[PDB]
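**Q** Structure incoming, see below.
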Amino acid sequence: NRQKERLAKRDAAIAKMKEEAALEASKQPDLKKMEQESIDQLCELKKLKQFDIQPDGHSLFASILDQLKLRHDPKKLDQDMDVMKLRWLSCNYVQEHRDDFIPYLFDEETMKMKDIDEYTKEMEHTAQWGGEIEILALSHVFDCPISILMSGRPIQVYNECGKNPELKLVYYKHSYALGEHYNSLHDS
Amino acid sequence: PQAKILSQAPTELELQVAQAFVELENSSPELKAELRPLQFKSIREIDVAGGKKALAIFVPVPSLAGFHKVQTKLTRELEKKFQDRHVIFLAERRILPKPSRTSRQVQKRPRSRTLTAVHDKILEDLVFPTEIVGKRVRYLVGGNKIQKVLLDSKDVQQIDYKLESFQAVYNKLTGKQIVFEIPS
Amino acid sequence: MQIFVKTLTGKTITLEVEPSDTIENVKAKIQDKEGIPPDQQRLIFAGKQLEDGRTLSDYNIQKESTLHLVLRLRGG
């Protein structure tokens, strides 16, 4: 049977190359485990447990809405509000301050001056990632303070002058190897 | 390279997801060389009623257990990498036609190569982390048949937003309408 | 030379720098003064984003000037 021999040969070749690259994988270090350990140490220091959030890039708005619902009172919170409603509120806040959003829409990493109205429409009507300036504007509009804890970086606080309770979330860059991901943090 | 992850046919979007594949390969050494041996045959775009299109990634059949080991993780990175998208992995299986009376015999057709068998297989492969607990077929008075699939209530959080995507891709691939239910 | 940088959170950072200092040097100074990594900050002056590998005062950046520091934080 030449076919069973061919099958065994290709299986042995796949296993050998898998072990050969597994040696290089074991040689390389993992920033994900170190970032997870540092985030666990920071969460143990802050005594608040991290809550998982959904992928596809709507994690920022969903985590902000979940942290605001955990922080604010149930009477002040509205059931009609959603992640798309939060993106629309961020777009309306960007339209409220067009001059500040215009310098925020221009990005050195993107190397082009994007329009503020186009960026607001892309944030409201598409699943692209919301900017830090748009998230800060939405937090200032909803008057809930936003606390961002990053592993290996100092803790950041935005919109702390708002009357509503502070919202805690963590953005981890190495936890997802593709890029940064935001997860809401609830007090335990 | 991006050409190695692609099996036969190169177009632009499969080259993009091959670049995403090798970017996930070089990063995350805990899953490195678990995703290295596998290649995928083709990519298909499915339009859904929700407006977020679906990546039907057709892969070789014998390599399917390797995707089954790491499928949750690579699907999570694939939803993150592409906005307004839902990714699904299917195995491109061969359907052999039913031999008629006039036709010459071409060996014996195996029962895994029939149309209903591969349709049930791709229906299972749509919902991977869940397990199907039952099926039903509604025979309506108009003559239409709508197949209802019952899913086990455990770990449905992975796929609960993607059910209408499953309905759209199954309606495109097989021409049959299905409705998912979760018995509780 | 003393310059001021306005952040997205609202804090104004006073940086003591030179008129022949690189943008990467200004990012390293911001990292040493606030802990923000240089790969996450973007500098802007007079509505134009500051490019790396360029010195100060080439875009009329003088003493007691106001620049903008924007954190990316693209987490989704």
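**Q** Local charge sum around B:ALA117 (other residues, Cβ-Cβ under 13 Å, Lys/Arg +1, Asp/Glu -1)? Write down the numbers at each step before the final one.
**A** Values: positive: B:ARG93, B:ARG94, B:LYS98, B:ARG109, B:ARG111, B:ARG113, B:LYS121; negative: B:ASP120, B:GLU124, B:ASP125.
For residues surrounding B:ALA117, the net value is +4.
**Q** Can you give the FRET efficiency for B:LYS154 and A:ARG10, using 1/(1 + (r/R0)^6), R0 = 45 Å, r = Cβ-Cβ distance, to the nearest 0.05?
**A** The formula returns an efficiency of 0.80 here.
**Q** With labels modelled as points extended 7 Å from the Cα through the Cβ direction, what inter-label distance (nm, one decimal) is found for B:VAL179 paired with A:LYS85?
**A** Reported label-point gap for B:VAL179 and A:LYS85 is 2.9 nm.
**Q** D for chain A, whole µm²/s, Stokes-Einstein with Kirkwood Rh over alpha-carbon pairs at 4 °C and 1.567 mPa s: what number?
**A** Translational D for this selection: 68 µm²/s.
**Q** Among B:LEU96, B:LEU13, B:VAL59, which residue has its Cα furthest toward the positive end of the charge dipole of chain B, with +1 on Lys/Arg Cβ and -1 on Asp/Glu Cβ?
**A** Result: B:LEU96, furthest along the dipole toward the positive end.
**Q** Cα axis of helix A:116-125 to longest principal axis of chain A: angle in degrees, 0 to 90, nearest 10?
**A** Long axis of A:116-125 versus the principal axis of chain A: about 70 degrees.
**Q** How big, in percent, is the set of alpha carbon pairs in the stretch B:1-73 lying more than 15 Å apart?
**A** In whole percent, the long-distance tail amounts to 57.
**Q** What is the ratio of the Cα radius of gyration of the stretch C:4-76 to 2.2 N^0.38 Å, where N is its residue count, to two decimals?
**A** In units of the 2.2 N^0.38 Å rule of thumb, it is 1.03.
**Q** Can you list the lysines whose alpha carbon is less than 17 Å from that of C:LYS63, not counting same-chain residues fewer than 8 positions off?
**A** C:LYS63 reaches C:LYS6, C:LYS29.
**Q** Could I ask something else about it? How large are Rg and Dmax for the protein assembly as shown when calculated on the C-alpha trace, in angstrom?
**A** Answer for the protein assembly as shown, Rg first and Dmax second: 26.4, 94 Å.
**Q** Moving on to the next point. Quick one: B:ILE46, A:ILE155, fewest Cβ neighbours within 10 Å first, how do they rank?
**A** Ordered from fewest to most neighbouring Cβ atoms within 10 Å, B:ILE46, A:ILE155 come out as A:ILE155, B:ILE46.
**Q** Where the centroid of each part is defined by its Cα atoms, how far is the stretch B:42-117 from the stretch C:31-49 in Å?
**A** 47
**Q** Could you work out, residue by residue across A:102-114, how many beta carbons of other chains sit within 10 Å of that residue's beta carbon, and then give the average as an integer?
**A** Partner Cβ neighbours, averaged per residue: 4.
**Q** Return a whole-number percent for the relative contact order of chain C, with Cα pairs under 8 Å and 6 or more residues apart as the contact set.
**A** Here the relative contact order equals 41 percent.
**Q** If you count, for every residue in A:44-53, the Cβ atoms of partner chains within 10 Å of its Cβ, what is the mean?
**A** So the per-residue partner count for this stretch is 0.
**Q** In debye, nearest 20, what is the charge dipole magnitude of chain B about its Cα centre with +1 on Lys and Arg Cβ and -1 on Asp and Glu Cβ, if you could check?
**A** So the dipole magnitude of chain B works out to roughly 1200 debye.
**Q** What is chain B's relative contact order, in percent, from Cα pairs under 8 angstrom and six or more apart in sequence?
**A** Across chain B, relative contact order equals 16 percent.
**Q** OK, next. What GluC sites (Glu not before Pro) does the stretch A:96-135 have in DSSP loop regions with at most 13 other beta carbons within 10 Å?
**A** In loop regions of the stretch A:96-135 (DSSP not H, G, I, E or B), the sparsely surrounded GluC sites (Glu not before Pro) are A:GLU109.
**Q** Just to confirm a number: summing +1 for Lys and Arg and -1 for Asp and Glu over residues other than B:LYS162 whose beta-carbon lies under 10 angstrom from that of B:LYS162, what do you get?
**A** Details: positive: B:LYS52; negative: B:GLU79, B:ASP160, B:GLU164.
For residues surrounding B:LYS162, the net value is -2.
**Q** Each residue of the stretch A:172-177 in order: what ³J(HN,Hα) in whole Hz does its phi give by Karplus 6.51 cos²θ - 1.76 cosθ + 1.60, θ = phi - 60°, with x for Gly and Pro?
**A** Karplus-based 3J(HN,Hα) across the stretch A:172-177 equals 10, 8, 9, 5, 9, 6 Hz.
**Q** Return one quarter of the surface area of the convex hull spanned by the alpha-carbon atoms of chain B, equal to its mean projected area, in nm².
**A** That works out to 13.6 nm², a quarter of the Cα hull's surface.
**Q** Once you have the Cα-Cα distance between B:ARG94 and B:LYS145, take 0.36 nm times their residue separation minus that, and quote the gain in nm to one decimal.
**A** So the extension gain works out to 15.9 nm.
**Q** With 10 angstrom as the radius, rank A:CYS43, A:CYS144 by how many other C-beta atoms surround their C-beta, starting from the fewest.
**A** With the fewest neighbours first, A:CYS43, A:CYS144 line up as A:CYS43, A:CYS144.
**Q** Right, another one. So if I place +1 on the C-beta of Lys and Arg and -1 on the C-beta of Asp and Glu, and nothing else carries charge, what would the dipole magnitude of chain A be about its Cα centre? I want it in debye, nearest 20.
**A** 1100
**Q** Another question, if that's okay. May I ask for the Kirkwood hydrodynamic radius of the stretch A:81-135, worked out over all distinct Cα pairs and given in angstroms to one decimal? Show your work: numbers first, answer last.
**A** Working: mean 1/r = 0.0906 Å⁻¹.
Hydrodynamic radius (Kirkwood, Cα pairs) of the stretch A:81-135 is 11.0 Å.
**Q** If one takes the longest principal axis of the Cα atoms in chain C, at what angle in degrees, from 0 to 90 and to the nearest 10, does the Cα axis of helix C:23-34 lie?
**A** Rounded to the nearest ten degrees, it is 60.
**Q** Next question, about the same structure. Residue-wise, which Karplus ³J(HN,Hα) couplings in Hz belong to the stretch C:66-76, taking 6.51 cos²θ - 1.76 cosθ + 1.60, θ = phi - 60°, and x for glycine or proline?
**A** The phi angles translate into 10, 10, 10, 10, 10, 7, 6, 6, 6, x, x Hz.
**Q** Here is a further query. Taking each residue in A:170-183, count the Cβ atoms of any other chain within 10 Å of its Cβ, then average. What number comes out?
**A** 5
**Q** In debye, nearest 20: dipole of the protein assembly as shown around its Cα centre with unit charges on the Cβ of K, R (+) and D, E (-)? The partial results should precede the final answer.
**A** Working: 70 positive and 67 negative charges, 738 e Å.
Magnitude of the dipole: close to 3540 debye.
**Q** Follow-up. Select from the stretch B:75-184 those trypsin sites (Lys or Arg not before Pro) which occupy a DSSP coil region and have at most 12 other Cβ atoms within 10 Å, ordered by residue number.
**A** Answer in residue order: B:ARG94, B:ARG101, B:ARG104, B:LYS108, B:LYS154.
**Q** Something else now. Which one, A:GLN41, A:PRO154, A:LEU60, projects farthest toward the positive side of the charge dipole computed for the stretch A:11-187 from Cβ point charges (K/R +1, D/E -1)?
**A** So the residue we want is A:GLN41.
**Q** Ok, one more. Out of the trypsin sites (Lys or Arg not before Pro) in the stretch A:69-165, which ones are loop residues according to DSSP with at most 16 other C-beta atoms within 10 Å?
**A** Within the stretch A:69-165, the qualifying trypsin sites (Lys or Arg not before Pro) (loop, at most 16 other Cβ atoms within 10 Å) are A:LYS75, A:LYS76, A:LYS114, A:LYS163.
**Q** First select every other residue whose beta carbon is under 11 angstrom from the beta carbon of B:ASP84; then total the charges, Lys and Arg +1, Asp and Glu -1.
**A** Spelling it out: positives minus negatives among the neighbours equals +1.
**Q** Across every pair of different alpha-carbon atoms, what Kirkwood hydrodynamic radius in Å does the stretch A:123-188 reach?
**A** Kirkwood hydrodynamic radius for the stretch A:123-188: 12.8 Å.
Quick reminder, even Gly has a Cβ in these numbers, built from the backbone with ideal geometry, and neighbours come from all protein chains shown. Bear in mind that the values in this text are calculations on the coordinates, not laboratory data.
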